[PDB]
Amino acid sequence: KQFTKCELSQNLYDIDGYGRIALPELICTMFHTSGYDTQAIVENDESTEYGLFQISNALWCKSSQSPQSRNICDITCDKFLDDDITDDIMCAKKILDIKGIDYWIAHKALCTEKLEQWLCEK
Ligand SMILES: [Ca+2]
């Protein structure tokens with residue numbers, strides 16, 4: 001499932017100021033990250049990143065591809081490919097708590113200027 005900008009900001013409302021992050025900032029980031037597609041799958045070196053949040057199996061979830069993964073979010077990477085982004089969000093919170101938003105390269109890159117384009121309400 002692909003989200004529209006507003007449908008997502010909607011579902012992620014209670015994330016604003018979460019860890020001193022700005023919603024628009026985070027929306028901007030997801031856009032460049034997966035284009036808001038829940039089924040986004042990206043193979044990197046050996047490893048892969050999954051879902052809207054493109055959370056890596058090198059460290060965050062468990063995949064047969066990287067048995068040695070620390071599986072910090074303690075979940076199978078397959079859970080990041082369904083139409084329920086709840087679990088995804090819990091993993092995302094975990095990343096934010098431990099790593100920070102710089103886990104996502106698009107942040108520093110393009111989402112710290114004109115986050116205007118990233119607001120919705122109507
Ligand atoms: Ca999910």
# chains A, B, ... in the order shown; residues from 1 in each chain; ligands from 1
>>> closest_atom_pairs(of="chain A", to="ligand 1", cutoff="12 Å", atoms="only C-alpha atoms and all ligand atoms", output="CSV")
residue,atom,partner,partner_atom_place_in_ligand_line,distance
A:1,CA,ligand 1,1 (Ca),11.0
A:37,CA,ligand 1,1 (Ca),11.7
A:38,CA,ligand 1,1 (Ca),8.0
A:39,CA,ligand 1,1 (Ca),9.8
A:50,CA,ligand 1,1 (Ca),10.1
A:51,CA,ligand 1,1 (Ca),8.0
A:52,CA,ligand 1,1 (Ca),9.2
A:53,CA,ligand 1,1 (Ca),10.1
A:54,CA,ligand 1,1 (Ca),11.6
A:55,CA,ligand 1,1 (Ca),11.3
A:61,CA,ligand 1,1 (Ca),11.8
A:75,CA,ligand 1,1 (Ca),10.1
A:76,CA,ligand 1,1 (Ca),10.0
A:77,CA,ligand 1,1 (Ca),8.9
A:78,CA,ligand 1,1 (Ca),7.8
A:79,CA,ligand 1,1 (Ca),4.5
A:80,CA,ligand 1,1 (Ca),4.2
A:81,CA,ligand 1,1 (Ca),5.8
A:82,CA,ligand 1,1 (Ca),4.8
A:83,CA,ligand 1,1 (Ca),6.1
A:84,CA,ligand 1,1 (Ca),4.4
A:85,CA,ligand 1,1 (Ca),4.3
A:86,CA,ligand 1,1 (Ca),5.9
A:87,CA,ligand 1,1 (Ca),5.0
A:88,CA,ligand 1,1 (Ca),5.0
A:89,CA,ligand 1,1 (Ca),8.1
A:90,CA,ligand 1,1 (Ca),9.5
A:91,CA,ligand 1,1 (Ca),9.6
A:92,CA,ligand 1,1 (Ca),11.1
>>> write_last_selection(atoms="N, CA and C atoms", output="CSV table (one decimal), in the first residue's frame")
chain,number,residue,atom,x,y,z
A,1,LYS,N,0.8,-1.2,0.0
A,1,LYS,CA,0.0,0.0,0.0
A,1,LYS,C,0.9,1.3,0.0
A,37,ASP,N,5.7,3.8,0.4
A,37,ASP,CA,5.3,2.5,0.0
A,37,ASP,C,5.6,1.4,1.0
A,38,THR,N,4.6,0.7,1.5
A,38,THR,CA,4.8,-0.3,2.6
A,38,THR,C,5.5,-1.5,2.1
A,39,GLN,N,5.5,-1.7,0.8
A,39,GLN,CA,6.1,-2.9,0.2
A,39,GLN,C,7.5,-2.8,-0.4
A,50,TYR,N,13.5,-3.0,4.5
A,50,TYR,CA,12.1,-3.2,4.2
A,50,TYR,C,11.1,-2.2,4.7
A,51,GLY,N,10.0,-2.2,3.9
A,51,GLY,CA,8.9,-1.3,4.1
A,51,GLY,C,9.1,0.2,4.0
A,52,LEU,N,8.0,0.9,4.5
A,52,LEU,CA,8.0,2.3,4.4
A,52,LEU,C,9.2,3.0,5.1
A,53,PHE,N,9.6,2.4,6.2
A,53,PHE,CA,10.7,2.9,7.0
A,53,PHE,C,12.0,2.4,6.6
A,54,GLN,N,12.0,1.4,5.7
A,54,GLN,CA,13.3,0.8,5.1
A,54,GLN,C,14.2,0.4,6.3
A,55,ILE,N,13.6,-0.4,7.2
A,55,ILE,CA,14.4,-0.8,8.4
A,55,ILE,C,15.2,-2.0,7.9
A,61,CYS,N,15.6,-6.1,12.3
A,61,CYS,CA,14.7,-7.2,12.2
A,61,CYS,C,15.4,-8.5,11.8
A,75,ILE,N,11.6,-8.7,15.9
A,75,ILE,CA,10.5,-9.0,14.9
A,75,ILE,C,11.0,-9.5,13.6
A,76,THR,N,10.2,-10.3,13.0
A,76,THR,CA,10.6,-10.8,11.6
A,76,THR,C,10.4,-9.7,10.6
A,77,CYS,N,11.3,-9.5,9.7
A,77,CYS,CA,11.3,-8.4,8.8
A,77,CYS,C,10.0,-8.5,7.9
A,78,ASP,N,9.4,-9.6,7.9
A,78,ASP,CA,8.2,-9.8,7.0
A,78,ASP,C,7.0,-8.9,7.5
A,79,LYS,N,7.1,-8.6,8.8
A,79,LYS,CA,6.1,-7.8,9.4
A,79,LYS,C,6.1,-6.3,8.9
A,80,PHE,N,7.2,-5.9,8.3
A,80,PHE,CA,7.3,-4.6,7.7
A,80,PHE,C,6.8,-4.4,6.3
A,81,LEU,N,6.2,-5.5,5.8
A,81,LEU,CA,5.7,-5.6,4.4
A,81,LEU,C,4.2,-5.7,4.3
A,82,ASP,N,3.5,-5.6,5.5
A,82,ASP,CA,2.0,-5.7,5.5
A,82,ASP,C,1.4,-4.3,5.5
A,83,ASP,N,0.0,-4.3,5.5
A,83,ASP,CA,-0.7,-3.0,5.5
A,83,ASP,C,-1.0,-2.5,6.8
A,84,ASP,N,-0.3,-3.0,7.8
A,84,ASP,CA,-0.5,-2.5,9.2
A,84,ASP,C,0.9,-1.8,9.6
A,85,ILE,N,1.0,-0.5,9.5
A,85,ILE,CA,2.3,0.1,9.9
A,85,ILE,C,2.4,0.3,11.4
A,86,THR,N,1.6,-0.3,12.2
A,86,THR,CA,1.7,-0.1,13.6
A,86,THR,C,3.0,-0.6,14.1
A,87,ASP,N,3.3,-1.9,13.9
A,87,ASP,CA,4.6,-2.6,14.3
A,87,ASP,C,5.8,-1.8,13.8
A,88,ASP,N,5.7,-1.4,12.5
A,88,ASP,CA,6.7,-0.6,11.8
A,88,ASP,C,7.0,0.6,12.7
A,89,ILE,N,5.9,1.3,13.1
A,89,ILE,CA,6.0,2.5,13.9
A,89,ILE,C,6.7,2.2,15.2
A,90,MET,N,6.4,1.1,15.8
A,90,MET,CA,7.0,0.8,17.1
A,90,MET,C,8.5,0.6,16.9
A,91,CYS,N,8.9,-0.1,15.8
A,91,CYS,CA,10.3,-0.3,15.4
A,91,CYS,C,11.0,1.1,15.2
A,92,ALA,N,10.3,1.9,14.4
A,92,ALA,CA,10.8,3.3,14.1
A,92,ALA,C,11.0,4.1,15.4
>>> select_by_dssp(residues="segment 14-109 of chain A", states="alpha helix (DSSP H)", output="PyMOL selection string")
chain A and resi 23-34+86-98+105-109
>>> select_by_dssp(residues="chain A", states="strand (DSSP E)", output="number ranges by chain")
A: 41-43, 48-50, 55-56
>>> residues_around(residues="residue 23 of chain A", least_positions_apart="5", cutoff="10 Å", atoms="only C-alpha atoms", output="JSON, numbers by chain")
{"A": [9, 12, 13, 14, 15, 16, 17, 18, 28, 29, 115, 118, 119]}
>>> closest_residue(among="A:112, A:44, A:71, A:27", to="residue 11 of chain A", atoms="only C-alpha atoms")
A:27
>>> atom_distance(atom1="atom CA of residue 25 of chain A", atom2="atom CA of residue 121 of chain A")
16.0 Å
>>> atom_distance(atom1="atom CA of residue 74 of chain A", atom2="atom CA of residue 103 of chain A")
17.9 Å
>>> atom_distance(atom1="atom CA of residue 8 of chain A", atom2="atom CA of residue 70 of chain A")
28.9 Å
>>> decode(residues="segment 37-52 of chain A", atoms="N, CA and C atoms", output="JSON list (two decimals), in the first residue's frame")
[["chain", "number", "residue", "atom", "x", "y", "z"],
["A", 37, "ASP", "N", 5.73, 3.79, 0.42],
["A", 37, "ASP", "CA", 5.26, 2.46, -0.04],
["A", 37, "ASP", "C", 5.58, 1.43, 1.01],
["A", 38, "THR", "N", 4.62, 0.70, 1.50],
["A", 38, "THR", "CA", 4.76, -0.27, 2.56],
["A", 38, "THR", "C", 5.46, -1.53, 2.09],
["A", 39, "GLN", "N", 5.51, -1.72, 0.78],
["A", 39, "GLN", "CA", 6.07, -2.93, 0.17],
["A", 39, "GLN", "C", 7.46, -2.76, -0.41],
["A", 40, "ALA", "N", 8.01, -1.60, -0.19],
["A", 40, "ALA", "CA", 9.34, -1.21, -0.69],
["A", 40, "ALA", "C", 10.36, -2.20, -0.12],
["A", 41, "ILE", "N", 11.14, -2.76, -1.03],
["A", 41, "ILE", "CA", 12.20, -3.73, -0.62],
["A", 41, "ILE", "C", 13.48, -3.35, -1.35],
["A", 42, "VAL", "N", 14.56, -3.16, -0.60],
["A", 42, "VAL", "CA", 15.83, -2.73, -1.19],
["A", 42, "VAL", "C", 17.03, -3.48, -0.65],
["A", 43, "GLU", "N", 17.63, -4.16, -1.62],
["A", 43, "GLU", "CA", 18.86, -4.98, -1.36],
["A", 43, "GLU", "C", 20.05, -4.06, -1.53],
["A", 44, "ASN", "N", 20.89, -3.98, -0.52],
["A", 44, "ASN", "CA", 22.02, -3.08, -0.40],
["A", 44, "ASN", "C", 23.39, -3.59, -0.74],
["A", 45, "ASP", "N", 24.01, -4.34, 0.13],
["A", 45, "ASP", "CA", 25.36, -4.91, -0.09],
["A", 45, "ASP", "C", 25.10, -6.43, -0.28],
["A", 46, "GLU", "N", 24.58, -6.96, 0.79],
["A", 46, "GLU", "CA", 24.17, -8.35, 0.96],
["A", 46, "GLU", "C", 22.72, -8.28, 1.50],
["A", 47, "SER", "N", 22.64, -7.43, 2.50],
["A", 47, "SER", "CA", 21.47, -7.12, 3.32],
["A", 47, "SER", "C", 20.43, -6.31, 2.55],
["A", 48, "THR", "N", 19.29, -6.22, 3.21],
["A", 48, "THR", "CA", 18.10, -5.57, 2.63],
["A", 48, "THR", "C", 17.41, -4.69, 3.67],
["A", 49, "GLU", "N", 16.68, -3.72, 3.13],
["A", 49, "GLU", "CA", 15.87, -2.81, 3.93],
["A", 49, "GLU", "C", 14.42, -2.96, 3.48],
["A", 50, "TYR", "N", 13.52, -2.95, 4.45],
["A", 50, "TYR", "CA", 12.12, -3.24, 4.23],
["A", 50, "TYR", "C", 11.10, -2.21, 4.65],
["A", 51, "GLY", "N", 10.01, -2.16, 3.86],
["A", 51, "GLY", "CA", 8.86, -1.32, 4.15],
["A", 51, "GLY", "C", 9.05, 0.15, 4.00],
["A", 52, "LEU", "N", 8.01, 0.87, 4.52],
["A", 52, "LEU", "CA", 7.97, 2.33, 4.43],
["A", 52, "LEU", "C", 9.16, 2.98, 5.13]]
